[PDB]
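The structure under discussion appears below in the form of C-alpha cells.
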Amino acid sequence: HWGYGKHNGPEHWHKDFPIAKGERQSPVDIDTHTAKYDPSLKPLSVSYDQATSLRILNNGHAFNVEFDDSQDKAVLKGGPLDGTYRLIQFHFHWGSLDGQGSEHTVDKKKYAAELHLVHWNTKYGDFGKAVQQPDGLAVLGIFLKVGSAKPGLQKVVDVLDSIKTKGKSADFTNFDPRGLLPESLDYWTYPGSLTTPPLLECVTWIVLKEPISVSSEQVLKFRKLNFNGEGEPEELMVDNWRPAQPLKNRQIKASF
Ligand SMILES: NCCOCCOCCNC(=O)c1ccc(S(N)(=O)=O)cc1
Ligand SMILES: [Hg+2]
Ligand SMILES: [Zn+2]
C-alpha cells in the first residue's frame with residue numbers, strides 16, 4: 001500500500017486515491033506576500049488544560065498520541081472556525097535531514113518537522129462522520145526548527161524506544177499538549193485536506209507563524225523509528241511528508 005518510498009510514494013497516491021489531484025489539497029506553500037490579512041479573523045482559543053492522553057502508537061507512517069475525545073476535554077475554537085473542535089490525536093512529519101520534514105512551507109522554506117494537532121467538529125458527533133463534511137476537521141500545524149531542546153517534548157522522545165516498529169503501542173497518559181505550543185498564536189488559514197490517504201477534503205488548516213525549537217538529539221530519536229513491522233527488513237521512518245500542492249485559486253488568510 002501507500003507509503004513514502006520510490007514505488008508507493010506521494011507521486012503514486014492518485015492511482016488509489018484520485019482525490020489526490022483535487023481542488024483543495026494539502027500541504028501548500030505559504031506565500032507571505034500574497035496571504036491576505038483578514039481583520040475579521042478572531043484569535044484562536046485553545047483549551048487543553050483538561051486533555052487526557054491515553055496511548056502512543058506506531059501506525060507505519062508515523063506515531064500518534066491519542067487523546068480521549070468522548071467529551072469536550074481538549075478543544076479548539078475561535079479563529080476561522082465555527083463551533084467546537086475536539087482533539088483526537090497529534091502526530092509529526094519529519095525529514096532524514098534538518099533541511100526537510102515539514103509539509104507546509106513558508107516562502108518556499110522547509111522546516112525540520114511539522115506537528116499536526118487533529119480536531120473534529122463536535123456537531124458531527126464522531127470522527128468518522130466529520131470526515132464526510134467540508135468543515136469536518138481543523139488541523140493546527142506547528143513548525144519545528146532545530147535549536148534548543150523543547151522540555152515538553154521529551155516525554156514523547158523517551159517512549160519512542162517502545163513503539164519502534166509498525167503496530168506497537170504503549171500507554172501514554174498524563175501528557176499535556178500545552179507544552180508543544182509556541183508563545184504566539186498568530187496564524188495563516190486556508191481550506192485543505194488530510195496530507196495522507198485518503199486525502200479527504202474536509203480540513204480547515206491553521207498554521208502557526210512561530211516555529212517551536214527542538215534539539216538535534218530530539219529530532220534524531222524520531223529518525224530511529226521503523227516503517228516496518230517487527231521481524232521485517234528495517235526501513236527507517238524518515239521523510240514521511242507530502243510535497244506542496246497547487247493552491248488553485250484558494251486564498252490564504254492571515255490573522256496578522
Ligand atoms: N469512515 C471514514 C473514515 O475516514 C478515514 C479517515 O482517515 C483516518 C486516518 N487518518 C487521519 O486520521 C489523519 C488525520 C490527520 C492528517 S493530517 N496529516 O492532514 O493532519 C492525516 C490523516
Ligand atoms: Hg470532507
Ligand atoms: Zn499530519
Side-chain angles (χ1 to χ4, degrees), residues 24 26-27 38-57 59 62-93 103-104 113-144 150-153 155-156 171-196 200-212 252-256:
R24 62 177 289 193
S26 292
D38 183 352
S40 83
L41 281 182
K42 305 142 203 162
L44 273 172
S45 189
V46 173
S47 303
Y48 295 160
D49 49 296
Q50 234 77 242
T52 298
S53 71
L54 290 173
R55 66 116 95 146
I56 183 168
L57 159 77
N59 63 20
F63 65 89
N64 292 177
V65 177
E66 317 161 336
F67 289 85
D68 174 13
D69 69 347
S70 74
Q71 292 183 75
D72 273 15
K73 291 173 163 181
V75 295
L76 213 216
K77 41 188 178 45
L81 304 170
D82 292 296
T84 308
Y85 284 77
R86 281 182 190 155
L87 168 68
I88 179 174
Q89 56 115 327
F90 80 69
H91 63 270
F92 308 77
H93 301 270
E103 295 214 295
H104 287 92
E114 188 174 321
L115 169 61
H116 291 151
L117 294 134
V118 186
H119 310 74
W120 60 268
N121 198 329
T122 67
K123 103 172 71 151
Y124 299 120
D126 60 67
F127 184 83
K129 286 289 183 158
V131 290
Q132 299 178 192
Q133 313 283 153
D135 71 336
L137 300 186
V139 184
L140 226 204
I142 304 177
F143 299 120
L144 277 66
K150 192 74 176 159
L153 187 72
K155 283 179 73 161
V156 173
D171 291 353
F172 195 81
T173 59
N174 301 111
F175 180 83
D176 177 7
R178 292 175 304 172
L180 302 179
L181 307 186
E183 176 192 313
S184 190
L185 287 191
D186 294 340
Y187 66 91
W188 299 284
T189 186
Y190 81 91
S193 84
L194 298 184
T195 68
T196 69
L200 298 187
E201 312 190 323
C202 325
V203 185
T204 287
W205 279 97
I206 313 182
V207 184
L208 298 189
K209 179 175 58 175
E210 180 186 337
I212 57 163
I252 302 177
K253 307 284 195 186
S255 82
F256 64 95

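All heavy atoms count here, side chains included; hydrogens, waters and symmetry mates do not. Starting from 1, each residue takes its place in the sequence as its number.
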Do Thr52 and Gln71 touch side chain to side chain, with heavy atoms closer than 4.5 Å?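 No, every pair of side-chain atoms sits at 4.5 Å or beyond.
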Any side-chain heavy atom of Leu57 sitting closer than 4.5 Å to one from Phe172?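 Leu57 vs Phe172: side chains apart.
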Over 12 foreign heavy atoms within 6.0 Å of CG, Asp72: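 Count over threshold, so yes.
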Counting only heavy atoms not in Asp49, do more than 12 fall under 6.0 Å of its CG?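 Yes, CG of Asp49 has more than 12 neighbouring heavy atoms, counting only those of other groups under 6.0 Å.
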I need the minimum non-hydrogen distance between [X] and [Y], along with the two atoms involved.
X: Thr189; Y: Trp205; answer: OG1-O, 2.8 Å
X: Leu181; Y: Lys150; answer: O-NZ, 3.7 Å
X: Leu180; Y: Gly152; answer: CD2-O, 4.0 Å
X: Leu44; Y: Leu140; answer: CD1-CD2, 4.4 Å
X: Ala130; Y: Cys202; answer: O-CB, 4.0 Å
X: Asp69; Y: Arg86; answer: O-NH1, 3.0 Å

Between atom [atom1] of [X] and atom [atom2] of [Y], what is the distance when rounded to the nearest 0.5 Å?
X: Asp82; Y: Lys123; atom1: CG; atom2: NZ; answer: 7.5 Å
X: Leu54; Y: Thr173; atom1: CG; atom2: OG1; answer: 8.0 Å
X: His91; Y: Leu115; atom1: NE2; atom2: CG; answer: 8.5 Å
X: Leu137; Y: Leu81; atom1: CG; atom2: CG; answer: 11.0 Å
X: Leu76; Y: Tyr48; atom1: CG; atom2: OH; answer: 5.0 Å

Under the criterion side-chain contact (heavy atoms from CB on, under 4.5 Å), I'd like the reasoning laid out for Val156 against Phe63: C-alpha separation, chi angles, the key distance, then a yes or no. CA-CA 10 Å; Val156 173; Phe63 65 89; 3.5 Å; yes
Can you pull out every salt bridge (charged side-chain N to carboxylate O under 4.0 Å, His left out) where at least one residue sits in residues 174-188? Sequence neighbours excluded, please.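 Qualifying pairs, neighbours excluded: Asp176-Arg178, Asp186-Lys209.
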The criterion is salt bridge (charged side-chain N to carboxylate O under 4.0 Å, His left out); which residues satisfy it with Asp126, sequence neighbours excluded?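 None.
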Quick check against the 3.5 Å criterion: does [X] have a side-chain atom that pairs as donor or acceptor with the backbone of [Y]?
X: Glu210; Y: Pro182; answer: no
X: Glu114; Y: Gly141; answer: no
X: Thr204; Y: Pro191; answer: no
X: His119; Y: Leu117; answer: yes
X: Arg24; Y: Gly192; answer: yes
X: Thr122; Y: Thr84; answer: yes

Is the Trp188 to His104 ring centre distance short of 6.0 Å?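 They do not qualify: ring centres at least 6.0 Å apart.
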State which residues pass ring pair (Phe, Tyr, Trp, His ring centres under 6.0 Å) with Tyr187; sequence neighbours excluded, sorted by chain then number.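 Ring pair (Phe, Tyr, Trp, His ring centres under 6.0 Å) check on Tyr187 returns nothing, list empty.
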Taking only residues two or more places apart in sequence or in another chain, which ones pass ring pair (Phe, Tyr, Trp, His ring centres under 6.0 Å) with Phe67?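 Counting only residues at least two positions away or on another chain, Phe67 forms a ring pair (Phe, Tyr, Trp, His ring centres under 6.0 Å) with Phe90.
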Any donor-acceptor pair under 3.5 Å linking the side-chain atoms of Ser70 with those of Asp68?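 On atom types as modelled, these side chains qualify, holding a pair under 3.5 Å.
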Side chain to side chain donor-acceptor pair (under 3.5 Å) contacts touching residues 130-143 (sequence neighbours left out):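 Applying side chain to side chain donor-acceptor pair (under 3.5 Å) to every pair that reaches into residues 130-143, excluding sequence neighbours, yields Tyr124-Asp135.
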If the condition is side-chain contact (heavy atoms from CB on, under 4.5 Å), which residues does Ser193 pass it with, not counting sequence neighbours?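 Testing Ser193 for side-chain contact (heavy atoms from CB on, under 4.5 Å), a comparison that skips the adjacent residues, returns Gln25, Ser26, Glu201, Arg242.
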